[PDB]
Amino acid sequence: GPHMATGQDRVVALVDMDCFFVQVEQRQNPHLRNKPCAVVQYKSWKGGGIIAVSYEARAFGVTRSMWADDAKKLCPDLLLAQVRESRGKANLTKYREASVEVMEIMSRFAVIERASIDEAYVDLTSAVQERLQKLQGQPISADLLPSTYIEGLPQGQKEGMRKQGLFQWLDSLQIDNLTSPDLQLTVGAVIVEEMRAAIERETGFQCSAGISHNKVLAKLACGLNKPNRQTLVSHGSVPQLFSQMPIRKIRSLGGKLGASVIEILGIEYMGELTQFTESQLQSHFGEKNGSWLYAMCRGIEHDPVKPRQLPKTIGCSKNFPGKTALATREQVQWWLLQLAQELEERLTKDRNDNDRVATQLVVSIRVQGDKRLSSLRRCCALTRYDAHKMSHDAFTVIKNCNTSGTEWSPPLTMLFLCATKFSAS
DNA sequence: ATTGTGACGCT
Ligand SMILES: Nc1nc2c(ncn2[C@H]2C[C@H](O)[C@@H](COP(=O)(O)NP(=O)(O)OP(=O)(O)O)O2)c(=O)[nH]1
Ligand SMILES: [Mg+2]
Ligand SMILES: [Mg+2]
């Protein structure tokens with residue numbers, strides 16, 4: 001009753017950019033705007049692999065991970081932008097820099113946790129307290145939430161249903177109680193409207209946001225009304241939402257763990273989790289997962305918004321599939337040097353921008369026919385931002401995989417260099 | 001012959 005804490009302390013938002021790499025290319029190339037288009041990596045093998053799709057193109061069934069030739073079968077007027085290639089590999093620099101544009105704007109409003117190239121969490125609890133004090137009890141106008149959806153409303157066209165849901169939400173608000181969680185979420189959603197307006201005005205990119213009380217609900221909410229919309233998921237809307245929410249839709253249950261939850265417990269939806277005691281979940285899925293699951297199916301999650309705007313690692317990766325697998329010593333050296341050269345450029349820029357230095361170089365390889373994605377992961381010291389030195393050290397650290405008596409065997413299907421263990425500089 | 005990243009957990 002009174003002592004059952006509800007995980008309504010925080011206001012957390014998740015902002016994710018809509019079809020981000022396509023928007024970056026559409027800003028640079030006006031001819032792609034308001035068109036079915038996608039961004040691919042490479043072009044020789046089946047026209048390249050798609051990693052980003054505009055919503056127009058999605059209406060035709062185009063998705064990420066499709067080959068571009070297959071996508072063209074679904075969508076014959078599809079436009080394609082290609083990722084830059086450098087030293088024979090995909091170069092994602094332009095999007096990392098567009099990302100930084102967006103992150104720098106988000107940082108003005110609150111402390112953010114970069115969750116990926118195109119998305120960040122925001123802890124808005126302090127900002128909402130401030131804005132609540134400034135309103136001095138003034139009610140909240142639907143003008144202030146022009147793109148906000150309220151999940152589970154209305155109850156009892158799209159813009160119409162959205163505005164109906166927003167009016168039902170706003171007429172039920174107790175605006176006098178500075179401590180009502182629902183009010184706090186509302187004020188958060190006003191601030192997130194302002195943040196998304198600033199992002200679009202200062203970059204031309206559009207995004208969606210989830211506003212809720214924790215990261216998992218914010219992230220789930222963010223997807224509910226993409227594109228170019230934001231969704232408030234209240235604590236009170238969790239039971240209905242989760243009663244038909246497949247377990248795999250929750251961040252981190254989309255894989256092996258989620259499948260075991262489904263299979264062992266004999267359930268399909270998030271809501272059904274509430275019928276198990278914490279100990280039952282801890283027995284089946286370990287003590288941590290169990291605690292996390294017991295709280296999560298009630299809408300409660302405690303993972304903090306970490307103050308971390310920058311990646312913790314900087315890495316360069318390239319597959320060598322099938323008959324392009326590296327089979328000679330010269331080949332492994334030339335590609336370790338290409339990877340090391342890109343890594344060096346990125347690290348030198350990181351040092352000058354962010355006043356820090358990586359201290360550990362990780363080399364990962366896959367050998368042909370291996371089942372695993374990574375066959376060997378070995379670390380060594382990183383003492384200089386010198387590509388020739390890094391590549392030589394990667395070779396020294398992996399050379400004892402070669403079973404040849406000039407040749408390389410088994411042939412390498414992946415090289416991966418990664419700088420980690422950063423330190424102030 | 002999705003590929004290229006990046007976080008975090010387990011032991
Ligand atoms: N290299 C590479 N880049 C990828 C991959 N997957 C995604 N990206 C890149 C391209 C993506 O633009 C970007 C962000 O990924 P999302 O937020 O998951 N997708 P988006 O923003 O496109 O659409 P939505 O509106 O649904 O959020 O990361 C991949 O497998 N490989
Ligand atoms: Mg996105
Ligand atoms: Mg994303």
# chains A, B, ... in the order shown; residues from 1 in each chain; ligands from 1
call {"tool": "interface_residues", "arguments": {"of": "chain B", "to": "chain A", "cutoff": "10 Å", "atoms": "only C-alpha atoms (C1' of nucleotides)", "output": "list in words"}}
result
residues 1, 2, 3, 4, 5, 6 and 7 of chain B
call {"tool": "write_last_selection", "arguments": {"atoms": "N, CA and C atoms (P, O5', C5', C4', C3', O3' and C1' of nucleotides)", "output": "PDB file, in the first residue's frame"}}
result
ATOM      1  P    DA B   1      29.463 -16.611 -46.408  1.00  0.00           P
ATOM      2  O5'  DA B   1      28.628 -15.290 -46.764  1.00  0.00           O
ATOM      3  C5'  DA B   1      28.135 -14.427 -45.726  1.00  0.00           C
ATOM      4  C4'  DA B   1      27.166 -13.408 -46.305  1.00  0.00           C
ATOM      5  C3'  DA B   1      26.065 -14.005 -47.188  1.00  0.00           C
ATOM      6  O3'  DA B   1      24.911 -13.211 -47.140  1.00  0.00           O
ATOM      7  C1'  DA B   1      27.529 -12.686 -48.510  1.00  0.00           C
ATOM      8  P    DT B   2      23.942 -13.270 -45.863  1.00  0.00           P
ATOM      9  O5'  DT B   2      24.611 -12.222 -44.826  1.00  0.00           O
ATOM     10  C5'  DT B   2      23.800 -11.413 -43.962  1.00  0.00           C
ATOM     11  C4'  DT B   2      23.952  -9.936 -44.298  1.00  0.00           C
ATOM     12  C3'  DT B   2      25.232  -9.275 -43.782  1.00  0.00           C
ATOM     13  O3'  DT B   2      26.260  -9.336 -44.794  1.00  0.00           O
ATOM     14  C1'  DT B   2      23.266  -7.855 -43.472  1.00  0.00           C
ATOM     15  P    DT B   3      27.790  -9.647 -44.402  1.00  0.00           P
ATOM     16  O5'  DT B   3      28.449  -8.224 -44.082  1.00  0.00           O
ATOM     17  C5'  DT B   3      28.152  -7.088 -44.888  1.00  0.00           C
ATOM     18  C4'  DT B   3      28.522  -5.792 -44.179  1.00  0.00           C
ATOM     19  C3'  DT B   3      29.764  -5.826 -43.305  1.00  0.00           C
ATOM     20  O3'  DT B   3      30.317  -4.554 -43.317  1.00  0.00           O
ATOM     21  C1'  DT B   3      27.968  -5.213 -41.995  1.00  0.00           C
ATOM     22  P    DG B   4      31.786  -4.358 -42.700  1.00  0.00           P
ATOM     23  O5'  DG B   4      31.518  -3.236 -41.600  1.00  0.00           O
ATOM     24  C5'  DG B   4      30.711  -2.101 -41.965  1.00  0.00           C
ATOM     25  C4'  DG B   4      30.529  -1.206 -40.767  1.00  0.00           C
ATOM     26  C3'  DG B   4      31.708  -1.166 -39.801  1.00  0.00           C
ATOM     27  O3'  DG B   4      31.759   0.152 -39.276  1.00  0.00           O
ATOM     28  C1'  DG B   4      29.803  -1.958 -38.673  1.00  0.00           C
ATOM     29  P    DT B   5      33.080   0.594 -38.486  1.00  0.00           P
ATOM     30  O5'  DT B   5      32.989  -0.194 -37.127  1.00  0.00           O
ATOM     31  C5'  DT B   5      32.950   0.530 -35.960  1.00  0.00           C
ATOM     32  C4'  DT B   5      31.551   0.655 -35.439  1.00  0.00           C
ATOM     33  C3'  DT B   5      31.531   0.959 -33.962  1.00  0.00           C
ATOM     34  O3'  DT B   5      31.459   2.352 -33.773  1.00  0.00           O
ATOM     35  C1'  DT B   5      29.862  -0.646 -34.581  1.00  0.00           C
ATOM     36  P    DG B   6      32.146   3.068 -32.516  1.00  0.00           P
ATOM     37  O5'  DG B   6      31.419   2.412 -31.251  1.00  0.00           O
ATOM     38  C5'  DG B   6      30.164   2.914 -30.831  1.00  0.00           C
ATOM     39  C4'  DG B   6      29.626   2.090 -29.688  1.00  0.00           C
ATOM     40  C3'  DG B   6      30.659   1.743 -28.602  1.00  0.00           C
ATOM     41  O3'  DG B   6      30.404   2.511 -27.416  1.00  0.00           O
ATOM     42  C1'  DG B   6      29.201  -0.083 -29.148  1.00  0.00           C
ATOM     43  P    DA B   7      30.793   1.986 -25.941  1.00  0.00           P
ATOM     44  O5'  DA B   7      29.517   1.124 -25.493  1.00  0.00           O
ATOM     45  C5'  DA B   7      28.217   1.728 -25.511  1.00  0.00           C
ATOM     46  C4'  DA B   7      27.291   1.072 -24.504  1.00  0.00           C
ATOM     47  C3'  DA B   7      27.912   0.825 -23.135  1.00  0.00           C
ATOM     48  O3'  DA B   7      26.976   1.082 -22.080  1.00  0.00           O
ATOM     49  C1'  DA B   7      27.395  -1.265 -24.220  1.00  0.00           C
TER      50       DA B   7
END
call {"tool": "closest_atom_pairs", "arguments": {"of": "chain A", "to": "ligand 2", "cutoff": "9 Å", "atoms": "only C-alpha atoms and all ligand atoms", "output": "Markdown table"}}
result
| residue | atom | partner | partner_atom_place_in_ligand_line | distance |
| --- | --- | --- | --- | --- |
| A:15 | CA | ligand 2 | 1 (Mg) | 8.7 |
| A:16 | CA | ligand 2 | 1 (Mg) | 4.9 |
| A:17 | CA | ligand 2 | 1 (Mg) | 4.2 |
| A:18 | CA | ligand 2 | 1 (Mg) | 4.6 |
| A:19 | CA | ligand 2 | 1 (Mg) | 5.1 |
| A:20 | CA | ligand 2 | 1 (Mg) | 5.3 |
| A:21 | CA | ligand 2 | 1 (Mg) | 8.4 |
| A:52 | CA | ligand 2 | 1 (Mg) | 8.5 |
| A:117 | CA | ligand 2 | 1 (Mg) | 8.7 |
| A:118 | CA | ligand 2 | 1 (Mg) | 5.7 |
| A:119 | CA | ligand 2 | 1 (Mg) | 6.9 |
| A:207 | CA | ligand 2 | 1 (Mg) | 7.6 |
| A:208 | CA | ligand 2 | 1 (Mg) | 8.3 |
call {"tool": "atom_distance", "arguments": {"atom1": "CA of residue 284 in chain A", "atom2": "CA of residue 257 in chain A"}}
result
10.5 Å
call {"tool": "atom_distance", "arguments": {"atom1": "CA of residue 79 in chain A", "atom2": "atom 16 (P, counted along the ligand's line) of ligand 1"}}
result
18.7 Å
call {"tool": "select_by_dssp", "arguments": {"residues": "range 164-326 of chain A", "states": "alpha helix (DSSP H)", "output": "VMD selection string"}}
result
chain A and resid 164 to 171 181 to 203 215 to 224 238 to 242 256 to 265 278 to 285 287 to 296
call {"tool": "residues_around", "arguments": {"residues": "residue 199 in chain A", "least_positions_apart": "3", "cutoff": "10 Å", "atoms": "only C-alpha atoms (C1' of nucleotides)", "output": "list in words"}}
result
residues 17, 101, 102, 103, 104, 105, 106, 193, 194, 195, 196, 202, 203, 204, 205, 206 and 207 of chain A
call {"tool": "write_last_selection", "arguments": {"atoms": "N, CA, C and O atoms", "output": "PDB file, in the first residue's frame"}}
result
ATOM      1  N   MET A  17      16.511   9.717 -33.434  1.00  0.00           N
ATOM      2  CA  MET A  17      16.302  10.398 -34.710  1.00  0.00           C
ATOM      3  C   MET A  17      15.625   9.464 -35.705  1.00  0.00           C
ATOM      4  O   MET A  17      15.923   8.267 -35.762  1.00  0.00           O
ATOM      5  N   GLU A 101      26.408  16.903 -33.529  1.00  0.00           N
ATOM      6  CA  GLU A 101      25.519  18.068 -33.614  1.00  0.00           C
ATOM      7  C   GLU A 101      24.290  17.879 -32.721  1.00  0.00           C
ATOM      8  O   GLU A 101      23.945  18.729 -31.874  1.00  0.00           O
ATOM      9  N   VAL A 102      23.613  16.750 -32.904  1.00  0.00           N
ATOM     10  CA  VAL A 102      22.368  16.552 -32.168  1.00  0.00           C
ATOM     11  C   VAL A 102      22.632  16.471 -30.664  1.00  0.00           C
ATOM     12  O   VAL A 102      21.924  17.099 -29.860  1.00  0.00           O
ATOM     13  N   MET A 103      23.673  15.721 -30.270  1.00  0.00           N
ATOM     14  CA  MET A 103      23.984  15.524 -28.853  1.00  0.00           C
ATOM     15  C   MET A 103      24.322  16.844 -28.180  1.00  0.00           C
ATOM     16  O   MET A 103      23.944  17.077 -27.029  1.00  0.00           O
ATOM     17  N   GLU A 104      25.049  17.718 -28.881  1.00  0.00           N
ATOM     18  CA  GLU A 104      25.404  19.002 -28.303  1.00  0.00           C
ATOM     19  C   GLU A 104      24.160  19.835 -28.052  1.00  0.00           C
ATOM     20  O   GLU A 104      24.053  20.486 -27.006  1.00  0.00           O
ATOM     21  N   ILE A 105      23.178  19.781 -28.959  1.00  0.00           N
ATOM     22  CA  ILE A 105      21.937  20.509 -28.681  1.00  0.00           C
ATOM     23  C   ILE A 105      21.201  19.908 -27.477  1.00  0.00           C
ATOM     24  O   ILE A 105      20.712  20.629 -26.596  1.00  0.00           O
ATOM     25  N   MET A 106      21.104  18.583 -27.422  1.00  0.00           N
ATOM     26  CA  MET A 106      20.390  17.960 -26.311  1.00  0.00           C
ATOM     27  C   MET A 106      21.043  18.300 -24.980  1.00  0.00           C
ATOM     28  O   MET A 106      20.360  18.496 -23.973  1.00  0.00           O
ATOM     29  N   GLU A 193       9.180  18.660 -26.255  1.00  0.00           N
ATOM     30  CA  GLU A 193       8.770  19.430 -27.432  1.00  0.00           C
ATOM     31  C   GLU A 193       9.782  20.533 -27.739  1.00  0.00           C
ATOM     32  O   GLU A 193      10.196  20.713 -28.890  1.00  0.00           O
ATOM     33  N   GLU A 194      10.188  21.281 -26.712  1.00  0.00           N
ATOM     34  CA  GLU A 194      11.152  22.360 -26.938  1.00  0.00           C
ATOM     35  C   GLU A 194      12.493  21.820 -27.444  1.00  0.00           C
ATOM     36  O   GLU A 194      13.107  22.393 -28.359  1.00  0.00           O
ATOM     37  N   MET A 195      12.961  20.716 -26.860  1.00  0.00           N
ATOM     38  CA  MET A 195      14.222  20.125 -27.294  1.00  0.00           C
ATOM     39  C   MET A 195      14.140  19.680 -28.745  1.00  0.00           C
ATOM     40  O   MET A 195      15.059  19.922 -29.531  1.00  0.00           O
ATOM     41  N   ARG A 196      13.052  19.015 -29.122  1.00  0.00           N
ATOM     42  CA  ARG A 196      12.923  18.544 -30.502  1.00  0.00           C
ATOM     43  C   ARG A 196      12.756  19.710 -31.474  1.00  0.00           C
ATOM     44  O   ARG A 196      13.247  19.655 -32.611  1.00  0.00           O
ATOM     45  N   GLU A 202      18.029  23.703 -35.572  1.00  0.00           N
ATOM     46  CA  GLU A 202      19.463  23.899 -35.652  1.00  0.00           C
ATOM     47  C   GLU A 202      20.188  22.823 -36.444  1.00  0.00           C
ATOM     48  O   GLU A 202      21.381  22.992 -36.734  1.00  0.00           O
ATOM     49  N   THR A 203      19.513  21.728 -36.804  1.00  0.00           N
ATOM     50  CA  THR A 203      20.122  20.750 -37.691  1.00  0.00           C
ATOM     51  C   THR A 203      19.289  20.401 -38.900  1.00  0.00           C
ATOM     52  O   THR A 203      19.847  19.843 -39.846  1.00  0.00           O
ATOM     53  N   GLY A 204      17.995  20.695 -38.913  1.00  0.00           N
ATOM     54  CA  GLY A 204      17.136  20.197 -39.961  1.00  0.00           C
ATOM     55  C   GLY A 204      16.712  18.746 -39.823  1.00  0.00           C
ATOM     56  O   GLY A 204      16.024  18.232 -40.718  1.00  0.00           O
ATOM     57  N   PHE A 205      17.109  18.069 -38.742  1.00  0.00           N
ATOM     58  CA  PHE A 205      16.747  16.675 -38.516  1.00  0.00           C
ATOM     59  C   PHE A 205      15.515  16.600 -37.638  1.00  0.00           C
ATOM     60  O   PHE A 205      15.379  17.360 -36.675  1.00  0.00           O
ATOM     61  N   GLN A 206      14.647  15.649 -37.947  1.00  0.00           N
ATOM     62  CA  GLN A 206      13.472  15.375 -37.142  1.00  0.00           C
ATOM     63  C   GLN A 206      13.705  14.114 -36.322  1.00  0.00           C
ATOM     64  O   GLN A 206      14.472  13.233 -36.712  1.00  0.00           O
ATOM     65  N   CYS A 207      13.050  14.039 -35.173  1.00  0.00           N
ATOM     66  CA  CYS A 207      13.223  12.901 -34.286  1.00  0.00           C
ATOM     67  C   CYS A 207      11.923  12.623 -33.557  1.00  0.00           C
ATOM     68  O   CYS A 207      10.968  13.409 -33.600  1.00  0.00           O
TER      69      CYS A 207
END
call {"tool": "closest_residue", "arguments": {"among": "A:2, A:139, A:154, A:223", "to": "ligand 3", "atoms": "only C-alpha atoms and all ligand atoms"}}
result
A:223
call {"tool": "residues_around", "arguments": {"residues": "residue 396 in chain A", "least_positions_apart": "5", "cutoff": "10 Å", "atoms": "only C-alpha atoms (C1' of nucleotides)", "output": "list in words"}}
result
residues 380, 390 and 391 of chain A
call {"tool": "residues_around", "arguments": {"residues": "residue 9 in chain B", "least_positions_apart": "5", "cutoff": "12 Å", "atoms": "only C-alpha atoms (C1' of nucleotides)", "output": "PyMOL selection string"}}
result
chain A and resi 252+288-289
call {"tool": "write_last_selection", "arguments": {"atoms": "N, CA and C atoms", "output": "short mmCIF file (atom, residue, chain, number, x, y, z; two decimals), in the first residue's frame"}}
result
data_model
loop_
_atom_site.label_atom_id
_atom_site.label_comp_id
_atom_site.auth_asym_id
_atom_site.auth_seq_id
_atom_site.Cartn_x
_atom_site.Cartn_y
_atom_site.Cartn_z
N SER A 252 16.28 -5.57 -24.20
CA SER A 252 17.12 -6.63 -23.63
C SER A 252 16.40 -7.97 -23.54
N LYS A 288 19.62 -11.08 -10.50
CA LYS A 288 19.57 -9.74 -11.06
C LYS A 288 18.44 -9.60 -12.07
N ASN A 289 18.48 -10.42 -13.13
CA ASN A 289 17.39 -10.50 -14.09
C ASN A 289 16.06 -10.67 -13.39
#
call {"tool": "atom_distance", "arguments": {"atom1": "CA of residue 7 in chain A", "atom2": "CA of residue 250 in chain A"}}
result
17.2 Å
call {"tool": "closest_residue", "arguments": {"among": "A:243, A:174, A:86, A:402", "to": "residue 326 in chain A", "atoms": "only C-alpha atoms"}}
result
A:402
call {"tool": "residues_around", "arguments": {"residues": "residue 236 in chain A", "least_positions_apart": "3", "cutoff": "10 Å", "atoms": "only C-alpha atoms (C1' of nucleotides)", "output": "PDB file with C-alpha atoms, in the first residue's frame"}}
result
ATOM      1  CA  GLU A 151      -0.534   6.308 -24.648  1.00  0.00           C
ATOM      2  CA  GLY A 152      -3.861   4.619 -23.855  1.00  0.00           C
ATOM      3  CA  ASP A 182       1.521  12.578 -14.089  1.00  0.00           C
ATOM      4  CA  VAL A 233       3.784   6.723 -21.237  1.00  0.00           C
ATOM      5  CA  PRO A 239      -1.095  -2.422 -17.252  1.00  0.00           C
ATOM      6  CA  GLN A 240      -3.097  -1.966 -20.468  1.00  0.00           C
ATOM      7  CA  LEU A 241       0.061  -1.422 -22.564  1.00  0.00           C
ATOM      8  CA  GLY A 299       6.578  -0.441 -15.070  1.00  0.00           C
TER       9      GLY A 299
END
